[PDB]
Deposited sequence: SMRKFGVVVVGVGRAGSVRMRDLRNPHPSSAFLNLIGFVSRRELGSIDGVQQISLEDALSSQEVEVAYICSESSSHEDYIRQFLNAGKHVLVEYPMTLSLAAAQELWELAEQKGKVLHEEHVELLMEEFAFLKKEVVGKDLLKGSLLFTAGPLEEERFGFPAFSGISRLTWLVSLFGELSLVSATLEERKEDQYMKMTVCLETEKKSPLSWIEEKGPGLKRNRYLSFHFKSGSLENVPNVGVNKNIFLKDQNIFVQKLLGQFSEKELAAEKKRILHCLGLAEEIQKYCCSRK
């Protein structure tokens, strides 16, 4: 059995889940081989997995795939280094905090012949499976999505339109490419609220709000209105199941060339579309 060598860079929340998924038996994982991890800190060994240096990780012929799971701000730096070193790259969203940087990195992967992949577990959640099915038949009059959470260090996870690009990705996936009508932002040092206004190609208004402050329980609130009727809640649709694993599975399919050019292009377009809006929003 021919397995790709993997190293997980940044052993945080995201990183731990990846290591655990690699180490447990699954179809995706059968094709991979976790050779070690890279951390800014001196950890030694997580689950019999050894720490290894950035230096030795880029060097190694054994290592063919880098999972970048560090804070958003360092993503761009690491992606570039691993692509230049000749490795395939999986990176958690947002892949970068600028459109131009994303463009450069895709173009580099393309040139170096490797897969670059922005993880999007939000598209694999139950809540979204349901919405994908509910929206199918419909023509949206107006709609709104609010996400609340605790404070987040912008110096390392970036501006909220980037840190919450997942919410945007929903709206884009559900309703096509969107354009920016306006965007306001309140800050107050440890609170913050971002109010965005988007339109769909058929010119119908979507509202997007991210609120982050202390005492705020991570939550999602959603309301869609169509010509046929409205949806005020997602109903109880059960708990999310291995969203990260599932994303690994898409990545391995890429490594194996199981997706079409048509498909890989649609995805690239979408990712850039969002990164761009995040930027357009941050300007306004």
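In this entry, the deposited residues absent from the coordinate set span 1, 191-192, 288-292.
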